Protein chains: 2
Amino acid sequence: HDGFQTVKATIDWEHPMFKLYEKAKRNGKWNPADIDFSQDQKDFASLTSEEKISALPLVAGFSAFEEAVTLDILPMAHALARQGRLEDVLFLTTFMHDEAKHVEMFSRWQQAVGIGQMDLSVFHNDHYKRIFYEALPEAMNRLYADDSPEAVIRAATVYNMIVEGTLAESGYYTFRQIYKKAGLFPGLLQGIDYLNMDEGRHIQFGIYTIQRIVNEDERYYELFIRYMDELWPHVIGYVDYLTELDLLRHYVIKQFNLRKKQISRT
Amino acid sequence: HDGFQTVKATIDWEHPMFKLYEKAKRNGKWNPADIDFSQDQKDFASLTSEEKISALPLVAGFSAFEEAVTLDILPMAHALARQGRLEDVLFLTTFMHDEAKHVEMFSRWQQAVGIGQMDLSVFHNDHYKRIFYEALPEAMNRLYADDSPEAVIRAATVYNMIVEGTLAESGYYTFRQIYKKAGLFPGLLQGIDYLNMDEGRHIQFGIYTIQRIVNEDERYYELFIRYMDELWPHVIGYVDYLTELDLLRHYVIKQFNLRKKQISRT
Ligand SMILES: [Fe+2]
Ligand SMILES: [Fe+2]
Ligand SMILES: [Fe+2]
Ligand SMILES: [Fe+2]
Ligand SMILES: [Mn+2]
Ligand SMILES: [Mn+2]
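Residues numbered from 1 in each chain as written, not as in the entry; some residues may be left out. Chains lettered and ligands numbered in written order. Heavy atoms only, no water.

- Structure determination for this entry, per the PDB record, employed X-ray crystallography and reached 1.849 Å resolution.

Structure below.
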């Protein structure tokens, strides 16, 4: 440690990520342990065997979505801390704790409805593993040895713009539509609503991070777009697998294109 | 990623660190942004120039205590995550966010009373830097390449048992005594009270971590005691410097001996 910013001076109170940190504390009070899952248990028990296995593929993708991102944000926090970006780090403590609650929430639902013992790994095909078992952890872990603008942009693209901002967002939108209409799983849907509010902040961090790097050299804009496209085939290839197993497809394309539009070449 | 625990099964609901994580969410709602510092500003302004410089040495040690530990817990989170200790990681998200609030709180006080511009690095002597600029970050950063029981015990000893559990605890106890008696700085003291409640949980993580490793091989008990003693000279050497510049001394010895007693050879 060369010194400490709050000894030499203070926090930068006007920093965008300090402002996001403040919002996260105000809006991040929900506790998954407070959700009543008593009705979700009766709902799941009421389902036919065939109706049961219809919910499980998305729920397997969910618990893994959340456990992966809980573990995989730590190298980003390390890299930004090493660059002295104290406000970013403060914000990322709320990011990481949010992901812990999301892991917790889905595991509490599984336990409540009685599928905790079932191994749901069956429902991750080849493209799902390419992203969540491979390209996500490789891009994040890179940052321990290579924190170049190229490496940070790629980490933020894979994690924030694709995993959270394209795939997970579409999955939760889809799952909510379906079961809100059925009147089923009110505990889980309240959980997803809280989760979606959290993830609004997470995507803003990804946008800020990519944009501040693009703002130094528009070459990085073309890197951003290329990594986005590089990843699309596996994004859709997981959708197809679930399908083979419609609205999920349409919303995913929309979200992917929206994320590109939130980054400006200049 | 080999798999995801909450896909294959669930969280271990009975794990001690899951229970500590639950407590942290219940008891970790305070927000430093809600503290009224209006009276602290008038108090500091009322002090004579000489009374002012009496508070500053401890406050410089404080803002650095907290900024160092915010950054320096990340390698422990990485190491335990790599070992698949999901419940420990969940808990450590509350640990890291608590430290962010502690950094924030002290920086908000400095800003409110009008010392934010002053560089307080003057008040870290040689032993303070040995611990906080050197031995703390080296022991934590080691865990990126060496997560052996020896390395984890040493990290937990330096960070949790010495930095937090011996020095910071004694400093806050001392500072509170003094100013509570004077009727001064009620905002700061409310901040320290909240901070002290948080740090109760942090020390329990350190104890759990050391004890679970000692429980595999009592050789590690003698390592624990030796690292504790290795560090004492610099612990007291910072006390002496502040003194030269009494109750702080007495409480520090007590806390040091208490921390050893919380680890059992068997
Ligand atoms: Fe997220
Ligand atoms: Fe395919
Ligand atoms: Fe702490
Ligand atoms: Fe000395
Ligand atoms: Mn999430
Ligand atoms: Mn602290």
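1. Description of the overall build of chain A
- Within chain A one finds 11 helices and zero strands.
- What you see in chain A, going N to C, is helices and strands ordered as α-α-α-α-α-α-α-α-α-α-α.
- For 266 residues, the compact-globule estimate of 2.2 N^0.38 gives 18 Å, and chain A sits close to it at 19 Å.
- Counting only C-alpha atoms and orienting by the principal axes, one finds that chain A spans roughly 60 × 40 × 30 Å. (Helix = DSSP H or I, 4+ residues; strand = E, 2+ residues; numbered from the N terminus. Rg over C-alpha atoms; globule rule 2.2 N^0.38 Å.)

2. Things to note about the UniProt feature "binding site: Fe(3+) 2" (unreviewed entry) in chain A
Residue and element names in this part refer to chain A.
- As recorded in UniProt, the feature "binding site: Fe(3+) 2" (unreviewed entry) lies at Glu99, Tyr159, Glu199 and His202. In terms of the greatest pairwise C-alpha distance, the residues named above, spread along 104 residues, form a tight cluster of at most 12.6 Å across.
- Inspection of the secondary structure assignment puts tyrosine 159 in helix α8 (residues 149–182).
- Apart from residues lying up to four places away in sequence, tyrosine 159 is in contact with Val69, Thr70, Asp72, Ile73, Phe95, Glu99, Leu136, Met140 and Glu164.
- Of note is the side chain of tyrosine 159, whose polar atom sits 2.7 Å from the backbone oxygen of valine 69.
- Relative to the helices and strands, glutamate 199 is located in helix α9 (residues 186–214).
- The class of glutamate 199 is buried, set by a relative accessible area of 13%. (UniProt positions renumbered as here; feature names shortened; annotations may be inferred. Contact = heavy atoms within 4.5 Å. Polar contact = N/O pair within 3.5 Å; in protein donor to acceptor, adjacent residues only side chain to side chain. Buried < 20%, exposed > 50% of the residue type's maximum accessible area, 1.4 Å probe, protein only.)

3. Some details on the coordination of the manganese ion (ligand 5)
Residues and elements named next belong to chain A.
- Here the manganese ion (ligand 5) is held by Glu66 (OE), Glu99 (OE), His102 (ND1) and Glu199 (OE), and the distances to it run 2.1 to 2.2 Å.
- Between consecutive donor residues of the manganese ion (ligand 5), the sequence gaps follow E-x32-E-x2-H-x96-E.
- Taken as an interatomic distance, the gap from the manganese ion (ligand 5) to the iron ion (ligand 1) is 3.6 Å; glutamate 99 donates to each of them. On the criterion of sequence distance, the pair formed by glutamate 66 in helix α4 (residues 49–72) and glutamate 99 in helix α6 (residues 86–113) is long-range, its members being 33 residues apart. Neither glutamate 66 nor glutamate 99 differs from the other in exposure class; each is buried. (Donors = N, O, S within 2.8 Å, 3.2 Å for Na, K, Ca; no water.)

4. A word on the packing of aromatic side chains
- Tallied over the entire structure, the rule returns 55 aromatic pairs over all chains.
- Between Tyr179(A) and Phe185(A) the ring centres are 5.0 Å apart and the planes differ by 50°, which places this aromatic pair in the tilted class.
- Judged by relative accessible area, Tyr179(A) falls into the buried class, the value being 10%.
- Ring geometry for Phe65(B) versus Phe132(B): centroids 4.9 Å apart, planes at 25°, classification stacked. Here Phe132(B) lies in helix α7 (residues 126–142) and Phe65(B) lies in helix α4 (residues 49–72), a separation of 67 residues in the sequence. For the pair formed by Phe65(B) and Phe132(B), the shared burial category is buried.
- The ring of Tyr227(B) has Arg226(B) lying over it, and the distance from NZ or CZ to the ring centre is 5.7 Å. (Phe/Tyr/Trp six-rings, centres within 6.5 Å; stacked < 30°, edge-to-face > 60°. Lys NZ or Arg CZ within 6 Å of the ring centre and 35° of its normal.)

5. A closer look at the UniProt feature "binding site: Fe(3+) 4" (unreviewed entry) in chain A
- Summarizing the sequence annotation, UniProt attributes the feature "binding site: Fe(3+) 4" (unreviewed entry) to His127(A) in the numbering used throughout.
- With residues up to four places along the chain from it excluded, the contact list for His127(A) reads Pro233(A), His234(A), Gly237(A) and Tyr238(A).

6. Notes on the nonpolar core
- Ranked by internal contacts, the top residues of the largest apolar core, which has 204 residues, are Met76(A), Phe132(A), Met76(B) and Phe132(B).
- Excluding anything up to four places from it in sequence, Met76(A) contacts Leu92(A), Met140(A), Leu143(A), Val152(A), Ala155(A), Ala156(A) and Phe205(A). (Core = buried A, V, L, I, M, F, W, Y, C linked by side-chain atoms within 4.5 Å.)

7. Here we look at unusual backbone geometry
- Even without being a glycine, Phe185(A) presents a positive backbone phi close to 65°.
- Under the relative-accessibility criterion, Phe185(A) is labelled buried at 0%.

8. Examining the relation of the copies chain A and chain B
- Of the transformation superimposing chain A on chain B, the axial component is 0.0 Å and the angular component is 180°, with the fit at an RMSD of 0.0 Å. In symmetry terms, the pair is related by a two-fold rotation axis.
- In this assembly the copies share their binding face: 100% of the residues contributing to the interface of chain A also contribute to that of chain B. (Least-squares fit on C-alpha atoms.)

9. Focus: the packing of helix α10 (residues 219–244) of chain B against helix α11 (residues 247–261) of chain B
All names here are of chain B.
- Between α10 and α11, whose axes approach to 11 Å, the crossing angle comes to 170°. By the angle class used here, α10 and α11 are roughly antiparallel. Contacts between α10 and α11 involve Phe224, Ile225, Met228, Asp229, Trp232, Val235, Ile236, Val239, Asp240 and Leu242 from the first element and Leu248, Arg249, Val252, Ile253, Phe256, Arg259 and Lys260 from the second. (Axes fitted to C-alpha atoms, helices over the stretch in contact; angles between N-to-C directions. Parallel < 35°, antiparallel > 145°, perpendicular 65-115°, else oblique.)

10. Comments concerning the interface of chain A and chain B
- Across the contact, 60 residues belong to chain A and 60 residues belong to chain B.
- The largest share of the area that chain A buries against chain B comes from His1(A), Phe4(A) and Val7(A), three residues that together contribute 14% of it.
- Put simply, chain A and chain B have six salt bridges between them.
- Of the charged contacts, one joins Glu104(B) and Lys25(A) as a salt bridge, the two residues approaching to 2.6 Å between their closest N and O atoms. (Buried area = accessible area lost by both parts, 1.4 Å probe. Salt bridge = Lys/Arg side-chain N within 4 Å of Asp/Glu carboxyl O.)

11. Considering the pattern of salt bridges
- Under the criterion given, the structure shown has 36 salt bridges over all chains.
- With a shortest N-O distance of 2.8 Å, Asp146(B) and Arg142(B) are connected by a salt bridge.
- You can call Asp146(B) partly exposed: its relative accessible area is 25%.
- Among the ionic contacts, a cluster of salt bridges with common partners joins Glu22(A), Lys25(A), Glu104(B) and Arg108(B).

12. Digging into the packing of helix α5 (residues 74–82) of chain A against helix α5 (residues 74–82) of chain B
- Between α5(A) and α5(B), the least distance of the axes is 10 Å, while the angle of their chain directions is 155°. Here α5(A) lies roughly antiparallel to α5(B), going by the angle between them. The handedness of the crossing between α5(A) and α5(B) comes out as left-handed. Of α5(B), the residues touching α5(A) (which contributes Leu74(A), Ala77(A), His78(A) and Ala81(A)) are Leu74(B), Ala77(B), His78(B) and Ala81(B).
- For the contact of α5(A) with α5(B), a count of residues per class yields six nonpolar, two polar and no charged. (Left-handed = near helix turned anticlockwise from the far one by under 90°. Nonpolar A, V, L, I, M, F, W, Y, C, P; charged D, E, K, R; others polar.)

13. Things to note about the environment of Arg85(B)
Residues and elements named next belong to chain B.
- In this fold, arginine 85 is placed in the loop between α5 and α6 (86–113).
- For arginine 85, a relative accessible area of 18% translates into the label buried.
- Between the C-alpha atom of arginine 85 and that of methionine 118, which follows or precedes it by 33 residues, the distance is 42 Å.
- If we ignore the near neighbours within four places in the chain, the residues touching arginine 85 are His15, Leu80, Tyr208 and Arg212.

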